[PDB]
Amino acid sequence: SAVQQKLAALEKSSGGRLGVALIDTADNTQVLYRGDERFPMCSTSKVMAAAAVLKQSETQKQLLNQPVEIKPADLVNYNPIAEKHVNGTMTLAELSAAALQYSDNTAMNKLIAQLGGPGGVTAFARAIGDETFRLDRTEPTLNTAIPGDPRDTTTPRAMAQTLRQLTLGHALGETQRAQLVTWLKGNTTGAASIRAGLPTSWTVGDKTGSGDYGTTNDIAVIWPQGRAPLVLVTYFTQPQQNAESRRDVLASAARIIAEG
């Protein structure tokens, strides 16, 4: 198809490996490019950890208000919100927000601990029908993005379907889903990624991710004006261990999709 030819040309010009999945919820059609290849998730995995804690809060009604202590030993390499609360507490809601909207790595590690380790995040994926997602490590080593390594990977097709079920579907309770959507819509890190390739009147909720090998990712739910929502996953990685991030590739892939 025309879109797939343009995405292949974009990939060739970029020198990397691009994976795209679009679900159009108007007719449940899909557009895929390397849709079944594995890519390193990096921080896009934080959506799954936050959704898992949201699922626990359906039975533990007060869980999101539970205070969690932030100690100096908890801080890792990138903790823009947790740093502000060292030797104090943050609730699980505040940690989920920090993880999603600022990509805070300490916040992610607290969410993983709440779920009982990376195996608890993976379990949640399996419970909602995602047999592809795997989380193996904590922050910051889950971002090593080594070519061929299956740890901490998913495919574009699997992540698009799962993001659809979490945000537009009913994998979560109604209050929980609305909370997740509100968090995604308030992301602060996405201005130069998928959002940059889309009409400025469209509402987007997204989670970015970045890591070694120039890995540059973004997953988004998109609400066009007077038109059914879309789910769009864009993953990108490069052959050089020290390659620079390429958010422009994600923007360009979104623009090519939006032309459809």
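Throughout, we count residues from 1 along the sequence that is shown.
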With reference to the PDB entry, specify whether the mean Cα temperature factor is higher for 32 to 40 or for 224 to 232. 224 to 232
Stretch with higher mean Cα temperature factor, 214 to 222 vs 65 to 73, is 65 to 73
Tell me, please, which of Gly120, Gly88, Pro150, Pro156 has the highest C-alpha B factor according to the deposited entry? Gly88
Of the options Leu100, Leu135, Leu168, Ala160, which has the highest CA B factor as deposited? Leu168
Check where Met108 lands among this chain's C-alpha B-factors and tell me if it's the lowest, middle or highest third. lowest
Chain third (lowest, middle, highest) by recorded CA B-factor, residue given as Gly116: lowest
By its CA B factor, does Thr208 count among the lowest, middle or highest third of the modelled residues in the chain? lowest
Using only modelled residues of the chain, where does the Cα B factor of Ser96 rank: lowest third, middle third or highest third? middle
What third of its chain's C-alpha B-factors does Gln56 belong to: lowest, middle or highest? middle
